[PDB]
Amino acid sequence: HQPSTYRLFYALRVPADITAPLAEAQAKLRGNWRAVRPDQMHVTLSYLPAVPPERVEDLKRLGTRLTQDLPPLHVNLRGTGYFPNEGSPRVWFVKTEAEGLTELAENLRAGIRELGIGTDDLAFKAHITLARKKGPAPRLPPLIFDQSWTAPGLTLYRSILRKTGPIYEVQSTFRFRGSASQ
């Protein structure tokens, strides 16, 4: 076997006042849909499937640098949708919007690539995944949300595989230390 690697991802944590109404929306799931646990809910910015542990310090430095001049981000829940766009849907998600969020994801992805570290991302579309399935299930009705929260930092997570699903461990957090007025 080859040197061990980590599955890592950068994400925004989702606070209790937001995971609670999202879980209430999950009560509508039926059939083969499998709900995401509130503790698993996050807004992913980049997924890194096989990071050599010696590269983690570079990733922590990248997180600090990119968050240093941004203020805490104001994230708004929007409407629900599915991936993939057409065909049997495999994931149900809620869209999220925040000023600066796409720019942060794109800078992060470029910074990871400049470090020569692998990613496994699709086009960035900020969301919180609510459910996953394989195979048929009743389609959920369209929902929209009006809640928002202030995100104080960006989190680097490690994913580890367990019987009940993946488990996420915080590797480091990077505080948004800037402002939008100075």
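From 1 onward, residues are counted along the sequence shown.
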> Comparing 130-138 with 55-63, where is the mean C-alpha B-factor higher?
Replying inline: 130-138
> Which is higher on average in the deposited entry, the C-alpha temperature factors of 64-72 or of 27-35?
Replying inline: 27-35
>> Sorting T80, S88, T96, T102 by Cα temperature factor from the record, which one lands on top?
In response: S88
> Per the entry, which of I18, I167, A11, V170 tops the list for Cα B factor?
Replying inline: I167
>> Using the temperature factors of the C-alpha atoms in this entry, rank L154 within its chain: lowest, middle or highest third.
In response: lowest
> Against its chain's modelled residues, does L48's Cα B factor rank lowest, middle or highest third?
Replying inline: lowest
> Going by what the PDB entry lists, where does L122 fall on CA B-factor within its chain: lowest, middle or highest third?
Replying inline: highest
